[PDB]
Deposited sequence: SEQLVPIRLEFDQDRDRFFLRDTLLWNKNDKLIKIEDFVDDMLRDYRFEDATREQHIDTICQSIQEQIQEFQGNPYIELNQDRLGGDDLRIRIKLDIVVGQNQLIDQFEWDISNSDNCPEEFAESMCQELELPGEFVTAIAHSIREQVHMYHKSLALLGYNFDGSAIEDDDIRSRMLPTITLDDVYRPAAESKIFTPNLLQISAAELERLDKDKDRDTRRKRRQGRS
């Protein structure tokens, strides 16, 4: 019963009467901290009350649709998973630091710990500490996406071939022994790059929504 809901809050100044970008991990089993009390502490910046209402309704909407890990849900407990690897893309800005990265991640092995990985990433790249939460949120947010698509496709999360032609196509191919060594074309993109970046380049990025 782990159910950390990856929350992504985004409200623009055009269609929303306010601006706000945030991400967090909400533990769905902990029912005792009020959402409204958390949001009113999040945004000490101010029609305040009606803007808290629409944010909470966004957090609530995401908690109410969160598709917890289907493996730890429909009993399987197959050690080492059914080799359903996903492509986990990173594009994270923290101050002036931007991390681009790509790595394979198995969505059907419940012993893969995103926080343990994110924390060695930040040790090896010696990233600023803030990257640890953000790398972990992005692992969990991208993993959920595939966990919630398979769900609405009736996949039984047992190990059978993925029916859907699209979802199956985004899933990394099987690793024979001739595939272990990466081609030069892939080891280019499957590795991290940490750029320094200015307010002016940041503007170019954000203006890519």
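Sequence ranges 47-51, 215-227 have no coordinates in this entry (deposited sequence, numbered from 1, C-alpha basis).
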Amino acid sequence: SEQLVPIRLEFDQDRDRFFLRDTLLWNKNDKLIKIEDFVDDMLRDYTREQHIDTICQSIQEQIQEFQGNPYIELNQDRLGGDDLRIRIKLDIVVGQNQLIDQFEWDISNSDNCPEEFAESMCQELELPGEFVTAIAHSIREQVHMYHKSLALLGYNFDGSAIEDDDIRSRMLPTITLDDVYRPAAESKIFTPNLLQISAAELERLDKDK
From here on, numbers count along this sequence of modelled residues.
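Between 152-160 and 137-145, the higher mean Cα B-factor belongs to 152-160.
The deposited model assigns a higher average Cα B-factor to 13-21 than to the other stretch when 13-21 and 196-204 are compared. Per the deposited record, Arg48 carries the highest C-alpha B-factor of all listed residues (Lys28, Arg182, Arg48, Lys34).
Looking at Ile88, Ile107, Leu74, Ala118, the one whose CA carries the top B-factor in the deposited record is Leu74.
Annotation for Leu79: CA B-factor lies in the highest third of the chain's modelled residues.
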